[PDB]
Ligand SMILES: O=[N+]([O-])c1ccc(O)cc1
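Below you will find one chain, with nothing else, as structure tokens; this is the form solved without P-nitrophenol, and questions on how it binds or moves follow later.
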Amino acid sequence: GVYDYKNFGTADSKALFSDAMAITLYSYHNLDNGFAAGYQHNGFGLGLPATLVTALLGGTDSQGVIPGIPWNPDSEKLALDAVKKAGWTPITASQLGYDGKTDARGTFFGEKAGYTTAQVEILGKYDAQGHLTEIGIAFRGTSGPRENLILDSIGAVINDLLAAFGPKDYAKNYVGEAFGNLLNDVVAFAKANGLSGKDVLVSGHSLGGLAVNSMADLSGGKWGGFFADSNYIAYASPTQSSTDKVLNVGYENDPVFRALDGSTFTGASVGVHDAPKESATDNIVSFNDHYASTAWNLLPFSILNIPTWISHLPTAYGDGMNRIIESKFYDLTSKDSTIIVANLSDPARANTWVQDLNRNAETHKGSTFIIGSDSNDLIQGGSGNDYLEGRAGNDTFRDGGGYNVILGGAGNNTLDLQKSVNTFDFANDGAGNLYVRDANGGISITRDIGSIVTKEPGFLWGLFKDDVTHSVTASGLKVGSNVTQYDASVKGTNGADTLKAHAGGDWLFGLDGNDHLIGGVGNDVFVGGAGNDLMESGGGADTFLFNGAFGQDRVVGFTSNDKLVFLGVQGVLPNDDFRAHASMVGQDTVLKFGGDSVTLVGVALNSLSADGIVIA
């Protein structure tokens, strides 16, 4: 999964991620809620007030109205409800033995000249009995004063901030300077409650995330090395620590995210700075009204251009990246997966296609995941391999080919094919999956797509030009009266079946159980499903399709004109070739995908070509 951390399980990593995001959001106490609400309702045609950028960096004396970012009446009470729902409760100064101040929210403040506006929330997670199990440290970073930030042009101020981080280990040492004594109290408090460092989660966004990275660098180091084993997840940090300790999460079109090389200002710092970084998620796009806009992108991408900072705002971090977490595709992804998140206003959402524009980014690598919203989305895949997720609402997909998985989720969803119905084949396994094979043999596996739209020259037909809408029924594609039939197939049961193809070619669907798929002399498509399936080619130019937790299969009679299609499987990295997944056991080639496997019986490794082993 894209947020896997250290050696935690996939699931444990996600739970950590969500806690990190919860506490991070809390640290801002709903600062961008007014702006995000206006953006969602109205669009970004008005751009972004320079005052929100200074609020992000400098801190605020609040909670009031400095414009044009709206109130926000209920705001700190909603932020606090939400952090608590996510399982966290602010820890008091008194609980810590802390001598210093906390404001009316329970926020602690920096301790040395130059850090006195730095803030941090210290929160605790308690089991059903009232015992502390975990501590959360959420840095809200500043500089701070709200006071050097108006004496210059906003761009000259951003530029100087950025250049000040690297020299004299300022960014590195930041958390030791600001919170060195507080963190000793946290160490004392944690131990008294039987916690060790592994039970401490460290997060923050922005300058907060700079602080997460700074703590990691010092965790060696200071506080008796108590936090050396703590968990560090930074959002939208400009810096990366030198440790291997921090998961650095961010949107790729966030101008602040990765702006420094470690903490080094470079030529890329004030333009596109999308070179891959070990600790960082490098390919998560916020597909927002700015990113979608020709007009907005007339100016070069730069952190010095305030409108670019819309991609930095925390509410969209929360909301979009929680939809990654929630994805049916989540466990196919890895740290650098290309992920396009639908982040558009209501106005733009009605008429803009969410797609990988690859704008202000280095060229994307591997398969593309596109995650919709709970509203009606327009989602367009490319002619590569794409995993399209509609989530709730009535979504419409398009896709330019390749190998794909299209999930429409809740609602009434449609796949617009934008070619003729005659140039595609359709199959249907009776277990909810409808398969679409294109004229180039690219296959999409679809769920919850009730309607297909084709562009008939036409006639076809029939009565109906030009675009025509087919209902997806058990017996085929129904345009009112006519059926466009499903390709010939044999369907099994969820037990162990033996299925036999006809000489003309069949789609063979074993479904669950350990099946025995005996193809014939024709061009068959083998889908063994869950279970450990024995599939024989029988002749022909055959296709073996593997999706999900496909099990430990055996393929017999595999030749040069046959194809293994791996789609929606475990253990794949951007640009994997089969040679990464291949070994030999006697005269058989074994291909492993996480804990799934295909043994090609009596096929020597060296005889295999990448053209008939598609890894999507």
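Residue numbers run from 1 along the displayed sequence.
Quick check on the record: does 500-508 or 199-207 carry the larger mean Cα temperature factor?
Comparing averages over the C-alpha atoms only gives 500-508.
327-335 versus 425-433: which one carries the higher mean Cα B factor per the record?
In the deposited entry, the stretch with the higher C-alpha B-factor mean is 425-433.
According to the deposited entry, which of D229, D217, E121, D466 has the largest Cα B-factor?
Of the candidates given, the C-alpha B-factor peaks at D466.
Considering only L247, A163, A190, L534, which residue's Cα atom bears the greatest B-factor as recorded?
Each of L247, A163, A190, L534 was compared by C-alpha B-factor; the highest is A163.
Could you look up the Cα B-factor of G45 in the entry and say which third of the chain it sits in: lowest, middle or highest?
Middle third - that is where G45 ends up once the chain's C-alpha B-factors are sorted.
Looking at the temperature factor on the CA atom of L608, which third of the chain's modelled residues does it land in?
CA B-factor rank for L608: highest third.
Based on the entry's values, in what third of the chain does the Cα temperature factor of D553 lie: lowest, middle or highest?
It belongs to the lowest third of the chain when residues are ordered by C-alpha B-factor.
If you rank every modelled residue in this chain by C-alpha B factor, which third holds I445: lowest, middle or highest?
Ranked within chain, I445 CA B lands in the middle tercile.
Test of reading the entry: by CA B factor among the chain's modelled residues, which third contains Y486?
As the PDB entry reports it, the C-alpha B-factor of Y486 lands in the highest third of its chain.
What comes next is about the form solved in complex with P-nitrophenol, which does not appear here.
Quick one: does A55 come within 4.5 Å of P-nitrophenol in the entry with it bound, counting heavy atoms only?
Flag for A55 set to yes.
Can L31 be called a contact residue for P-nitrophenol in the entry with it bound at 4.5 Å between heavy atoms?
So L31 counts as contacting P-nitrophenol.
With a cut-off of 4.5 Å between heavy atoms, is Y26 one of the residues that contacts P-nitrophenol in the entry with it bound?
Contact check for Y26: no, nothing within 4.5 Å of P-nitrophenol in the entry with it bound.
With the cut-off set at 4.5 Å between non-hydrogen atoms, does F35 touch P-nitrophenol in the entry with it bound?
Yes.
Using a 4.5 Å heavy atom cut-off, which residue among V65, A580, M584, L573 comes into contact with P-nitrophenol in the entry with it bound?
Checking each option against P-nitrophenol in the entry with it bound, the one that comes within 4.5 Å is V65.
Identify, from the list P314, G110, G320, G250, the residue with a heavy atom within 4.5 Å of P-nitrophenol in the entry with it bound.
Spelling it out, the residue with a heavy atom inside the cut-off is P314.
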